[PDB]
$ cat input-v7.cif   # mmCIF, C-alpha atoms (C1' of nucleotides) and all ligand atoms
data_my_file
loop_
_atom_site.label_atom_id
_atom_site.label_comp_id
_atom_site.auth_asym_id
_atom_site.auth_seq_id
_atom_site.Cartn_x
_atom_site.Cartn_y
_atom_site.Cartn_z
CA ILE A 1 18.10 -4.65 -3.86
CA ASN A 2 16.31 -6.09 -6.90
CA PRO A 3 14.98 -3.76 -9.58
CA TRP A 4 11.46 -5.20 -9.57
CA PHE A 5 10.94 -4.95 -5.86
CA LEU A 6 11.16 -1.19 -6.48
CA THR A 7 8.38 -1.13 -9.06
CA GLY A 8 6.32 -3.64 -7.07
CA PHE A 9 6.77 -1.20 -4.18
CA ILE A 10 6.11 2.04 -6.10
CA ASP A 11 3.00 0.36 -7.65
CA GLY A 12 1.68 -0.08 -4.14
CA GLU A 13 2.75 3.06 -2.34
CA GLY A 14 4.32 5.56 -4.75
CA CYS A 15 2.52 8.80 -5.49
CA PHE A 16 2.94 10.68 -8.77
CA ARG A 17 1.57 14.16 -8.40
CA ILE A 18 1.02 17.38 -10.35
CA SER A 19 0.57 20.52 -8.25
CA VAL A 20 -0.51 24.00 -9.37
CA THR A 21 -0.10 27.21 -7.38
CA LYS A 22 -0.69 31.03 -7.58
CA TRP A 23 0.36 29.53 -12.38
CA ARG A 24 3.43 27.58 -11.27
CA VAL A 25 3.47 23.90 -12.27
CA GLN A 26 5.73 21.28 -10.73
CA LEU A 27 5.73 17.48 -10.79
CA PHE A 28 6.46 15.37 -7.68
CA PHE A 29 6.71 11.75 -6.93
CA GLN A 30 7.05 10.64 -3.37
CA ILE A 31 6.65 7.66 -1.17
CA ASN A 32 5.25 8.50 2.24
CA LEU A 33 5.28 5.95 5.07
CA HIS A 34 5.67 5.27 8.81
CA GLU A 35 8.87 6.61 10.33
CA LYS A 36 9.76 3.10 11.51
CA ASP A 37 10.53 2.25 7.90
CA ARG A 38 12.70 5.22 7.00
CA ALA A 39 15.47 2.70 6.39
CA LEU A 40 13.52 1.18 3.48
CA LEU A 41 13.34 4.64 1.95
CA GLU A 42 17.05 5.02 2.53
CA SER A 43 17.57 1.67 0.78
CA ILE A 44 15.59 2.96 -2.19
CA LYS A 45 17.15 6.36 -2.08
CA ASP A 46 20.64 4.95 -2.35
CA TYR A 47 19.41 2.64 -5.19
CA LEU A 48 18.30 5.49 -7.47
CA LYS A 49 20.88 7.76 -5.81
CA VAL A 50 18.46 10.69 -6.16
CA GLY A 51 15.69 12.32 -4.13
CA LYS A 52 15.44 13.10 -0.41
CA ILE A 53 13.79 12.01 2.88
CA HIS A 54 12.13 14.22 5.55
CA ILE A 55 9.53 14.20 8.32
CA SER A 56 6.17 14.45 6.65
CA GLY A 57 4.37 14.41 8.83
CA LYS A 58 4.17 12.90 12.30
CA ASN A 59 5.72 9.53 13.19
CA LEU A 60 6.30 9.42 9.44
CA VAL A 61 8.84 10.10 6.78
CA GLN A 62 8.33 11.20 3.23
CA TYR A 63 10.70 10.63 0.41
CA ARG A 64 10.51 12.83 -2.68
CA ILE A 65 11.91 13.51 -6.14
CA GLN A 66 11.21 17.19 -6.94
CA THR A 67 14.13 18.26 -9.10
CA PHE A 68 13.27 17.95 -12.79
CA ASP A 69 16.66 16.37 -13.71
CA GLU A 70 16.43 13.77 -10.92
CA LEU A 71 12.98 12.73 -12.07
CA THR A 72 14.56 11.47 -15.30
CA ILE A 73 16.40 8.64 -13.44
CA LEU A 74 12.99 7.66 -12.05
CA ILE A 75 11.22 7.90 -15.38
CA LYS A 76 14.05 5.98 -17.01
CA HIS A 77 13.70 3.23 -14.37
CA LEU A 78 9.97 2.90 -14.85
CA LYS A 79 9.80 2.52 -18.64
CA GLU A 80 11.99 -0.61 -18.71
CA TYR A 81 10.36 -2.05 -15.60
CA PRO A 82 6.85 -0.82 -16.22
CA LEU A 83 4.10 -0.76 -13.57
CA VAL A 84 0.93 -2.97 -13.32
CA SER A 85 -1.46 -0.96 -11.11
CA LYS A 86 -3.88 1.63 -12.48
CA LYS A 87 -1.04 3.75 -11.10
CA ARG A 88 0.41 3.06 -14.55
CA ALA A 89 -2.14 5.52 -15.94
CA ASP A 90 -0.81 8.05 -13.45
CA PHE A 91 2.77 7.52 -14.62
CA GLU A 92 1.98 7.80 -18.34
CA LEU A 93 0.19 10.98 -17.35
CA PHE A 94 2.93 12.26 -15.02
CA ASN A 95 5.42 11.43 -17.77
CA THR A 96 3.66 13.26 -20.61
CA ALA A 97 3.73 16.36 -18.36
CA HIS A 98 7.47 15.96 -17.76
CA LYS A 99 7.75 15.95 -21.57
CA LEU A 100 6.04 19.33 -21.71
CA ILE A 101 8.43 20.60 -19.11
CA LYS A 102 11.48 19.06 -20.89
CA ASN A 103 10.62 21.45 -23.76
CA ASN A 104 9.72 24.41 -21.53
CA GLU A 105 6.28 24.46 -23.26
CA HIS A 106 4.65 25.06 -19.87
CA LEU A 107 5.82 28.66 -19.72
CA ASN A 108 3.03 29.36 -22.22
CA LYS A 109 -0.56 30.04 -21.02
CA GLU A 110 -1.28 27.17 -23.46
CA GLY A 111 1.16 24.52 -22.13
CA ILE A 112 -0.33 25.40 -18.77
CA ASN A 113 -3.69 23.98 -20.04
CA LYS A 114 -2.18 20.83 -21.52
CA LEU A 115 -0.94 20.11 -17.95
CA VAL A 116 -4.16 20.73 -15.99
CA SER A 117 -6.04 18.37 -18.32
CA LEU A 118 -3.52 15.81 -17.16
CA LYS A 119 -3.68 16.89 -13.51
CA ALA A 120 -7.48 16.63 -13.71
CA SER A 121 -7.15 12.92 -14.51
CA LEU A 122 -4.56 12.21 -11.79
CA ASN A 123 -4.98 10.68 -8.34
CA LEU A 124 -7.97 12.82 -7.31
CA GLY A 125 -8.73 15.72 -9.70
CA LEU A 126 -9.10 19.49 -9.97
CA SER A 127 -10.15 21.08 -6.68
CA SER A 128 -10.72 26.11 -6.25
CA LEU A 129 -8.94 25.23 -9.51
CA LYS A 130 -12.15 24.09 -11.19
CA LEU A 131 -13.35 27.64 -11.80
CA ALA A 132 -9.83 28.81 -12.66
CA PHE A 133 -9.61 26.27 -15.50
CA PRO A 134 -13.33 25.52 -16.14
CA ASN A 135 -12.29 24.63 -19.72
CA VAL A 136 -12.01 20.93 -18.74
CA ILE A 137 -9.74 18.69 -20.81
CA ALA A 138 -7.86 13.75 -19.61
CA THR A 139 -8.19 10.33 -21.32
CA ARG A 140 -6.16 8.03 -19.05
CA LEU A 141 -4.29 5.11 -20.63
CA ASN A 142 -0.09 -9.34 -16.03
CA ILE A 143 2.54 -9.74 -13.19
CA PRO A 144 6.07 -9.35 -14.40
CA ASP A 145 8.81 -10.97 -12.37
CA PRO A 146 8.02 -12.35 -8.99
CA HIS A 147 10.18 -9.68 -7.46
CA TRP A 148 7.30 -7.42 -8.23
CA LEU A 149 5.07 -9.31 -5.80
CA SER A 150 7.63 -9.37 -3.06
CA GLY A 151 7.65 -5.56 -3.47
CA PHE A 152 3.92 -5.28 -3.78
CA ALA A 153 3.26 -7.46 -0.72
CA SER A 154 5.94 -5.97 1.46
CA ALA A 155 3.91 -2.74 1.23
CA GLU A 156 0.30 -3.74 0.60
CA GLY A 157 0.32 -7.11 2.38
CA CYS A 158 -0.55 -8.34 5.88
CA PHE A 159 0.67 -11.47 7.62
CA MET A 160 -1.73 -12.24 10.53
CA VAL A 161 -2.80 -15.15 12.80
CA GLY A 162 -6.28 -16.27 13.67
CA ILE A 163 -7.68 -17.32 17.03
CA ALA A 164 -11.22 -18.38 16.16
CA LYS A 165 -13.66 -19.19 18.91
CA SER A 166 -14.61 -22.69 17.72
CA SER A 167 -16.85 -24.10 20.47
CA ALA A 168 -15.93 -27.48 19.04
CA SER A 169 -12.13 -27.67 19.29
CA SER A 170 -10.92 -29.15 22.59
CA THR A 171 -9.10 -25.91 23.28
CA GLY A 172 -12.29 -23.97 22.35
CA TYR A 173 -10.27 -22.16 19.73
CA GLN A 174 -8.71 -22.45 16.25
CA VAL A 175 -5.31 -21.20 15.24
CA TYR A 176 -5.16 -20.36 11.52
CA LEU A 177 -2.78 -18.30 9.42
CA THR A 178 -4.22 -16.07 6.71
CA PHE A 179 -2.23 -13.75 4.37
CA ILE A 180 -3.90 -10.58 3.15
CA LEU A 181 -3.24 -7.94 0.56
CA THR A 182 -5.72 -5.12 0.04
CA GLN A 183 -6.25 -2.76 -2.88
CA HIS A 184 -8.92 -0.52 -4.35
CA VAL A 185 -11.96 -2.10 -6.03
CA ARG A 186 -11.03 -0.31 -9.25
CA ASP A 187 -7.96 -2.48 -9.48
CA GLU A 188 -10.07 -5.60 -10.11
CA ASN A 189 -7.57 -6.05 -12.94
CA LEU A 190 -4.71 -6.61 -10.59
CA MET A 191 -6.55 -8.50 -7.85
CA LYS A 192 -7.89 -11.17 -10.18
CA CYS A 193 -4.38 -11.42 -11.58
CA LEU A 194 -2.91 -11.98 -8.08
CA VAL A 195 -5.04 -15.16 -7.79
CA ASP A 196 -3.93 -16.65 -11.16
CA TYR A 197 -0.29 -15.93 -10.43
CA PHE A 198 -0.46 -18.62 -7.73
CA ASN A 199 -3.54 -20.51 -9.00
CA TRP A 200 -4.89 -20.31 -5.43
CA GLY A 201 -6.28 -17.88 -2.93
CA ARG A 202 -9.52 -16.09 -2.33
CA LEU A 203 -10.72 -12.80 -3.76
CA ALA A 204 -13.10 -10.84 -1.52
CA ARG A 205 -15.09 -7.59 -1.70
CA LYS A 206 -15.29 -5.16 1.18
CA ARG A 207 -15.80 -1.39 1.65
CA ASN A 208 -14.98 -0.72 -1.99
CA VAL A 209 -11.54 -2.37 -1.42
CA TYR A 210 -10.84 -5.97 -2.42
CA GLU A 211 -8.71 -8.45 -0.49
CA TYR A 212 -6.67 -11.24 -1.90
CA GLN A 213 -6.75 -13.72 0.97
CA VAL A 214 -4.68 -16.95 0.99
CA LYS A 215 -5.47 -23.24 3.27
CA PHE A 216 -2.31 -24.29 5.11
CA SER A 217 -0.93 -26.14 2.08
CA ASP A 218 -1.26 -22.95 0.06
CA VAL A 219 -0.30 -20.77 3.06
CA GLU A 220 2.87 -22.81 2.88
CA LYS A 221 3.47 -22.28 -0.84
CA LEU A 222 3.78 -18.47 -0.56
CA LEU A 223 5.70 -19.10 2.66
CA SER A 224 8.17 -20.83 0.28
CA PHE A 225 7.88 -17.83 -2.07
CA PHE A 226 9.19 -15.33 0.48
CA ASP A 227 12.24 -17.55 0.73
CA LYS A 228 12.77 -17.06 -3.01
CA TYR A 229 11.76 -13.36 -2.83
CA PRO A 230 11.27 -12.08 0.64
CA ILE A 231 9.36 -9.18 2.14
CA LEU A 232 11.40 -6.16 3.11
CA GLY A 233 11.03 -3.55 5.87
CA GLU A 234 9.94 -3.82 9.46
CA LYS A 235 7.12 -5.87 7.94
CA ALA A 236 9.39 -8.88 7.75
CA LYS A 237 9.28 -9.44 11.52
CA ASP A 238 5.62 -10.09 11.08
CA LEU A 239 6.41 -12.51 8.34
CA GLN A 240 8.98 -14.32 10.56
CA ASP A 241 6.69 -14.49 13.61
CA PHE A 242 3.92 -15.65 11.24
CA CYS A 243 6.41 -18.02 9.67
CA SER A 244 7.30 -19.24 13.23
CA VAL A 245 3.65 -19.98 14.00
CA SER A 246 3.72 -21.93 10.74
CA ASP A 247 6.12 -24.37 12.42
CA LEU A 248 4.80 -24.56 15.98
CA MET A 249 1.36 -24.95 14.43
CA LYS A 250 2.43 -27.48 11.78
CA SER A 251 3.55 -30.28 14.06
CA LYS A 252 0.11 -30.42 15.79
CA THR A 253 1.26 -27.85 18.33
CA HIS A 254 -1.61 -25.43 17.62
CA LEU A 255 -4.06 -27.99 19.09
CA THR A 256 -2.54 -28.35 22.57
CA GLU A 257 -3.65 -25.45 24.79
CA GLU A 258 -0.11 -25.05 26.08
CA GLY A 259 0.63 -24.10 22.45
CA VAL A 260 -2.24 -21.71 21.80
CA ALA A 261 -0.98 -19.77 24.80
CA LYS A 262 2.41 -19.70 23.00
CA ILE A 263 0.77 -18.53 19.75
CA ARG A 264 -1.26 -15.68 21.19
CA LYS A 265 1.99 -14.51 22.81
CA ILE A 266 3.58 -14.41 19.37
CA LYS A 267 0.53 -12.96 17.69
CA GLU A 268 0.06 -10.39 20.47
CA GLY A 269 3.52 -9.05 19.67
CA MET A 270 3.06 -8.66 15.97
CA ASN A 271 1.38 -6.03 13.83
CA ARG A 272 -0.01 -3.88 16.67
"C1'" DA B 1 11.91 30.13 -12.90
"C1'" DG B 2 13.79 26.31 -10.46
"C1'" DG B 3 14.78 24.73 -6.49
"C1'" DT B 4 14.20 23.22 -1.61
"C1'" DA B 5 11.65 22.52 2.36
"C1'" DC B 6 8.80 23.35 6.42
"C1'" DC B 7 3.54 21.69 6.72
"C1'" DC B 8 -1.48 19.29 5.94
"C1'" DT B 9 -5.84 16.27 5.52
"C1'" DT B 10 -8.67 12.58 4.80
"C1'" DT B 11 -8.95 7.29 3.16
"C1'" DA B 12 -7.41 3.27 1.09
"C1'" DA B 13 -4.76 0.23 2.85
"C1'" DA B 14 -3.62 -3.29 7.03
"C1'" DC B 15 -5.27 -5.09 10.82
"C1'" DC B 16 -8.66 -7.30 13.99
"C1'" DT B 17 -12.99 -11.27 15.50
"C1'" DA B 18 -16.34 -14.56 15.21
"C1'" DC B 19 -19.56 -17.27 13.17
"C1'" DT B 20 -20.82 -20.93 9.29
"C1'" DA B 21 -19.57 -24.51 5.70
"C1'" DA B 22 -17.49 -28.77 4.07
"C1'" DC B 23 -13.46 -31.22 5.79
"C1'" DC B 24 -9.81 -35.45 7.07
"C1'" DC B 25 -14.23 -39.55 6.58
"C1'" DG C 1 -15.86 -35.30 16.85
"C1'" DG C 2 -12.77 -32.61 15.85
"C1'" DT C 3 -10.36 -29.93 12.57
"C1'" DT C 4 -10.29 -27.07 8.89
"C1'" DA C 5 -11.50 -23.65 6.02
"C1'" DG C 6 -14.57 -19.74 3.59
"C1'" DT C 7 -17.18 -15.82 5.40
"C1'" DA C 8 -19.42 -11.71 7.72
"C1'" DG C 9 -18.42 -8.00 10.32
"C1'" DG C 10 -15.31 -4.68 12.16
"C1'" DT C 11 -11.61 -0.46 13.88
"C1'" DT C 12 -7.85 2.71 12.86
"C1'" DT C 13 -3.81 4.43 11.22
"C1'" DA C 14 -0.45 4.78 7.80
"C1'" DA C 15 -0.60 5.78 4.08
"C1'" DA C 16 -2.89 7.70 -0.48
"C1'" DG C 17 -2.47 12.55 -1.77
"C1'" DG C 18 -1.86 17.35 -1.04
"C1'" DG C 19 -0.11 22.22 -0.52
"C1'" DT C 20 2.64 27.03 -0.56
"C1'" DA C 21 6.68 29.77 0.94
"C1'" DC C 22 11.62 30.73 0.62
"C1'" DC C 23 16.03 31.71 -1.50
"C1'" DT C 24 18.53 32.38 -5.88
"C1'" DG C 25 18.39 33.19 -10.60
CA CA A 301 -1.49 1.64 -2.78
CA CA A 302 2.60 -0.43 3.89
CA CA A 303 -4.63 -19.70 -12.81
#
$ encode --input "input-v7.cif" --output "structure tokens"
Amino acid sequence: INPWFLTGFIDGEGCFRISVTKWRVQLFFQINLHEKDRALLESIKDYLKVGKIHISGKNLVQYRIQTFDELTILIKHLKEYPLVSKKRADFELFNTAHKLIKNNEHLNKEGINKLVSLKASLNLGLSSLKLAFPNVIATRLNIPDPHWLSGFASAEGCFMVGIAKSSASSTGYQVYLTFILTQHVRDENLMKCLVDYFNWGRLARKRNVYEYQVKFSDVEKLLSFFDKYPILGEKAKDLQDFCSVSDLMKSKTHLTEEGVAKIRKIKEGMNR
DNA sequence: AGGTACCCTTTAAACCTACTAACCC
DNA sequence: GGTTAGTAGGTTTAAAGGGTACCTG
């Protein structure tokens, strides 16, 4: 387990949070995903050797670091292998807060305000706790290895196969392999950077999310990539089945209609 | 006051199709 | 002509993102 894959992953799916209740303040960071990939959590768990997994919620598993003193291992990991997403801003923010706690400054009705001003500029914002602290606040704060991208893709990627309805092809259809990786429109910073990292691939706008889409000859490049740094999780069946199509469709086998049958079969049994 | 854990709710991620364009020429 | 590609439209869940209560101090 490479130490960048972790950041690459946490950049894509981690969740640094500040909660407030009745005022009790506690910091959490958790990765939440489909139960089928509990083992990936377990891989990560054992890697940091801290935190815990449980069933939040249905057909899912959450993993969480909620002890103060275990969060330090995390924070220590993330400074040396910093993060590239706007999530960064959430860490810096999450981290400052952990400072305040490190000193016990948050037992003061004052520290308590220094923390909400942070919380207010976190993932979503102040909710019911807008009128409690209507004194406002705030001020939120280049790919790194390629193990980052393996991590980033293995969580925020999609390896799918395309059966177009070309009325022109003798089969009446086109097999094509696209690779996708979606992210918020606010991360234009990162998406544009994904393109330059490979010097190829399409950037597209949709529903306020952007997609980095990636020509066979390029499709093959990144195929080579995930030999050098592969995907991890259940999601690497989809890669392999995709990868498989990349062979049985790369010796002119995707043009015979005995083969398209074969492809759909493969495709049919992937993603779902 | 710090754990530790049973829950929850929407939405940004993943996943789909089907037509145009610009390609081997 | 036949194959590619770049595009427009989609659907749906697995995330992206939250809570508060319970022991033990
Ligand atoms: Ca994400
Ligand atoms: Ca994922
Ligand atoms: Ca470039």
$ atom_distance --input "input-v7.cif" --atom1 "atom CA of residue 180 of chain A" --atom2 "atom CA of residue 157 of chain A"
5.5 Å
$ residues_around --input "input-v7.cif" --residues "residue 2 of chain B" --least-positions-apart "2" --cutoff "9 Å" --atoms "all atoms listed in the file" --output "number ranges by chain"
A: 67-68; C: 24-25
$ interface_residues --input "input-v7.cif" --of "chain B" --to "chain A" --cutoff "8 Å" --atoms "only C-alpha atoms (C1' of nucleotides)" --output "short mmCIF file (atom, residue, chain, number, x, y, z; two decimals) with C-alpha atoms (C1' of nucleotides), in the frame of the given file"
data_model
loop_
_atom_site.label_atom_id
_atom_site.label_comp_id
_atom_site.auth_asym_id
_atom_site.auth_seq_id
_atom_site.Cartn_x
_atom_site.Cartn_y
_atom_site.Cartn_z
"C1'" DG B 3 14.78 24.73 -6.49
"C1'" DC B 7 3.54 21.69 6.72
"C1'" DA B 12 -7.41 3.27 1.09
"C1'" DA B 13 -4.76 0.23 2.85
"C1'" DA B 14 -3.62 -3.29 7.03
"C1'" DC B 15 -5.27 -5.09 10.82
"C1'" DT B 17 -12.99 -11.27 15.50
"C1'" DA B 18 -16.34 -14.56 15.21
#
$ interface_residues --input "input-v7.cif" --of "chain A" --to "chain C" --cutoff "8 Å" --atoms "all atoms listed in the file" --output "number ranges by chain"
A: 13, 15, 17, 19, 21, 32-34, 123-124, 168-170, 215
$ residues_near_ligand --input "input-v7.cif" --ligand "ligand CA 303 (chain A)" --cutoff "8 Å" --atoms "all atoms listed in the file" --output "list in words"
residues 195, 196, 197, 198, 199 and 200 of chain A
$ atom_distance --input "input-v7.cif" --atom1 "atom CA of residue 133 of chain A" --atom2 "atom CA of residue 29 of chain A"
23.5 Å
$ closest_residue --input "input-v7.cif" --among "A:43, A:139, A:59, A:154" --to "ligand CA 302 (chain A)" --atoms "all atoms listed in the file"
A:154
$ closest_residue --input "input-v7.cif" --among "A:104, A:217, A:7, A:127" --to "residue 74 of chain A" --atoms "only C-alpha atoms"
A:7
$ residues_around --input "input-v7.cif" --residues "residue 239 of chain A" --least-positions-apart "4" --cutoff "10 Å" --atoms "all atoms listed in the file" --output "list in words"
residues 154, 158, 159, 160, 179, 223, 226, 230, 231, 232, 234, 235, 243, 244, 245, 270 and 271 of chain A
$ closest_residue --input "input-v7.cif" --among "A:143, A:31, A:222, A:18" --to "ligand CA 302 (chain A)" --atoms "all atoms listed in the file"
A:31
$ atom_distance --input "input-v7.cif" --atom1 "atom CA of residue 98 of chain A" --atom2 "atom CA of residue 72 of chain A"
8.7 Å
$ decode --input "input-v7.cif" --residues "chain C" --atoms "N, CA and C atoms (P, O5', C5', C4', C3', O3' and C1' of nucleotides)" --output "compact mmCIF listing (two decimals), in the first residue's frame"
# COMPACT_ATOMS: atom_id res chain seq x y z
P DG C 1 -21.84 5.47 -49.42
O5' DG C 1 -21.28 4.07 -48.89
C5' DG C 1 -20.03 3.50 -49.35
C4' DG C 1 -19.56 2.39 -48.44
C3' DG C 1 -20.27 2.29 -47.08
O3' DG C 1 -20.82 0.99 -46.82
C1' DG C 1 -17.93 2.96 -46.81
P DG C 2 -19.88 -0.29 -46.53
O5' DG C 2 -19.48 -0.12 -44.99
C5' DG C 2 -18.38 -0.86 -44.42
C4' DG C 2 -17.42 0.00 -43.63
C3' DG C 2 -17.57 -0.10 -42.11
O3' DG C 2 -16.57 -0.99 -41.67
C1' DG C 2 -16.82 2.03 -42.85
P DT C 3 -16.64 -1.59 -40.22
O5' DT C 3 -16.14 -0.38 -39.32
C5' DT C 3 -14.82 -0.40 -38.77
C4' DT C 3 -14.26 0.99 -38.63
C3' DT C 3 -14.03 1.41 -37.19
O3' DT C 3 -12.76 0.90 -36.79
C1' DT C 3 -14.63 3.21 -38.66
P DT C 4 -12.42 0.89 -35.27
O5' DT C 4 -11.75 2.32 -35.09
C5' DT C 4 -12.19 3.21 -34.07
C4' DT C 4 -12.24 4.61 -34.61
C3' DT C 4 -12.05 5.69 -33.56
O3' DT C 4 -10.64 5.86 -33.47
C1' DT C 4 -13.62 6.28 -35.30
P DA C 5 -9.96 6.62 -32.25
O5' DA C 5 -11.18 7.21 -31.42
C5' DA C 5 -11.06 8.55 -30.87
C4' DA C 5 -11.90 9.55 -31.63
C3' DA C 5 -12.50 10.63 -30.73
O3' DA C 5 -11.84 11.89 -30.90
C1' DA C 5 -14.14 9.72 -32.24
P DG C 6 -11.43 12.72 -29.61
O5' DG C 6 -12.69 13.65 -29.38
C5' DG C 6 -12.81 14.86 -30.12
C4' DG C 6 -14.26 15.24 -30.23
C3' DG C 6 -14.83 15.88 -28.97
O3' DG C 6 -15.28 17.17 -29.38
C1' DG C 6 -16.28 14.16 -29.74
P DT C 7 -16.25 17.95 -28.48
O5' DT C 7 -17.65 17.43 -29.00
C5' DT C 7 -18.80 18.15 -28.61
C4' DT C 7 -20.01 17.25 -28.59
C3' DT C 7 -20.94 17.57 -27.43
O3' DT C 7 -21.77 18.57 -28.00
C1' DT C 7 -20.90 15.24 -28.03
P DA C 8 -22.33 19.71 -27.11
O5' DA C 8 -23.70 19.06 -26.63
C5' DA C 8 -24.78 18.89 -27.57
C4' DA C 8 -25.73 17.80 -27.13
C3' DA C 8 -26.37 18.03 -25.76
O3' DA C 8 -27.65 18.62 -25.94
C1' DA C 8 -25.74 15.72 -26.11
P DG C 9 -28.53 18.96 -24.67
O5' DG C 9 -28.86 17.53 -24.07
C5' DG C 9 -29.98 16.78 -24.58
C4' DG C 9 -29.90 15.35 -24.13
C3' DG C 9 -30.69 15.04 -22.86
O3' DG C 9 -32.05 14.69 -23.18
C1' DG C 9 -28.68 13.76 -23.10
P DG C 10 -33.17 14.76 -22.04
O5' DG C 10 -32.98 13.35 -21.30
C5' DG C 10 -32.29 13.30 -20.05
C4' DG C 10 -31.63 11.96 -19.86
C3' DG C 10 -31.96 11.31 -18.52
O3' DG C 10 -33.24 10.66 -18.55
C1' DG C 10 -29.72 10.88 -19.27
P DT C 11 -34.06 10.50 -17.19
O5' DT C 11 -33.23 9.40 -16.39
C5' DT C 11 -33.27 8.03 -16.80
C4' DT C 11 -32.57 7.20 -15.76
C3' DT C 11 -33.13 7.38 -14.34
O3' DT C 11 -33.45 6.07 -13.87
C1' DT C 11 -30.77 7.82 -14.37
P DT C 12 -33.67 5.80 -12.31
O5' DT C 12 -32.19 5.84 -11.75
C5' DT C 12 -31.26 4.78 -12.01
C4' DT C 12 -30.32 4.67 -10.84
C3' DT C 12 -31.00 4.75 -9.47
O3' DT C 12 -30.23 3.94 -8.59
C1' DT C 12 -29.50 6.54 -9.68
P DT C 13 -30.93 3.24 -7.36
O5' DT C 13 -29.69 2.96 -6.41
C5' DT C 13 -28.51 2.32 -6.93
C4' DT C 13 -27.26 3.07 -6.53
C3' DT C 13 -27.06 3.18 -5.02
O3' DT C 13 -25.68 3.14 -4.69
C1' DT C 13 -26.94 5.28 -5.95
P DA C 14 -24.99 1.78 -4.28
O5' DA C 14 -23.45 2.18 -4.20
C5' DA C 14 -22.78 2.78 -5.32
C4' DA C 14 -22.11 4.08 -4.93
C3' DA C 14 -21.21 3.98 -3.70
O3' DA C 14 -20.02 4.75 -3.92
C1' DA C 14 -22.96 5.55 -3.29
P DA C 15 -18.66 4.38 -3.15
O5' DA C 15 -18.59 5.50 -2.02
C5' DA C 15 -18.03 6.82 -2.26
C4' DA C 15 -19.12 7.85 -2.46
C3' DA C 15 -18.87 9.24 -1.88
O3' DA C 15 -18.56 10.16 -2.93
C1' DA C 15 -21.13 8.50 -1.61
P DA C 16 -17.27 11.10 -2.83
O5' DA C 16 -17.86 12.41 -2.14
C5' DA C 16 -18.63 13.32 -2.92
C4' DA C 16 -19.57 14.09 -2.02
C3' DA C 16 -18.86 14.97 -0.97
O3' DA C 16 -19.43 16.29 -0.99
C1' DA C 16 -20.45 13.64 0.06
P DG C 17 -19.28 17.28 0.27
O5' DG C 17 -20.19 16.59 1.38
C5' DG C 17 -21.44 17.14 1.79
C4' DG C 17 -21.73 16.74 3.22
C3' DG C 17 -20.66 17.13 4.25
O3' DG C 17 -20.98 18.40 4.85
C1' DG C 17 -21.77 15.07 4.70
P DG C 18 -20.83 18.64 6.42
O5' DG C 18 -21.91 17.63 7.02
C5' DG C 18 -23.16 18.11 7.52
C4' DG C 18 -23.95 17.02 8.22
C3' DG C 18 -24.03 17.16 9.73
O3' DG C 18 -24.81 18.31 10.06
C1' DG C 18 -24.26 14.90 8.91
P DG C 19 -24.67 18.98 11.51
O5' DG C 19 -25.07 17.76 12.44
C5' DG C 19 -26.45 17.57 12.79
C4' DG C 19 -26.70 16.19 13.35
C3' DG C 19 -26.74 16.09 14.86
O3' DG C 19 -27.99 16.52 15.36
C1' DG C 19 -25.99 14.12 13.76
P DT C 20 -28.02 17.43 16.66
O5' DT C 20 -28.04 16.34 17.81
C5' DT C 20 -29.09 15.37 17.81
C4' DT C 20 -28.69 14.21 18.67
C3' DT C 20 -28.30 14.61 20.09
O3' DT C 20 -29.32 14.08 20.94
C1' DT C 20 -26.75 13.07 19.14
P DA C 21 -29.10 13.96 22.49
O5' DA C 21 -28.71 12.43 22.65
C5' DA C 21 -29.40 11.41 21.90
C4' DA C 21 -28.99 10.04 22.38
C3' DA C 21 -28.92 9.90 23.90
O3' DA C 21 -29.24 8.56 24.30
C1' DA C 21 -26.74 9.71 22.99
P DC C 22 -29.44 8.19 25.87
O5' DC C 22 -28.20 7.23 26.18
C5' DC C 22 -27.30 6.83 25.13
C4' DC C 22 -26.24 5.87 25.61
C3' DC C 22 -26.04 5.75 27.12
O3' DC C 22 -25.45 4.48 27.38
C1' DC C 22 -24.14 6.78 26.17
P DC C 23 -25.58 3.81 28.81
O5' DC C 23 -24.34 4.42 29.60
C5' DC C 23 -23.50 3.59 30.42
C4' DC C 23 -22.07 3.64 29.95
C3' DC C 23 -21.06 3.76 31.08
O3' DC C 23 -20.01 2.81 30.83
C1' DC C 23 -20.70 5.50 29.54
P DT C 24 -19.25 2.07 32.04
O5' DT C 24 -17.92 2.92 32.19
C5' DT C 24 -17.83 4.17 31.49
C4' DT C 24 -16.50 4.86 31.66
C3' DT C 24 -16.05 5.03 33.11
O3' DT C 24 -14.68 5.47 33.05
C1' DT C 24 -16.75 7.09 32.32
P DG C 25 -13.63 5.14 34.21
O5' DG C 25 -13.85 6.30 35.28
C5' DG C 25 -14.40 7.59 34.94
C4' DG C 25 -13.34 8.54 34.43
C3' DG C 25 -12.69 9.41 35.51
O3' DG C 25 -11.26 9.42 35.40
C1' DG C 25 -14.16 10.73 34.08
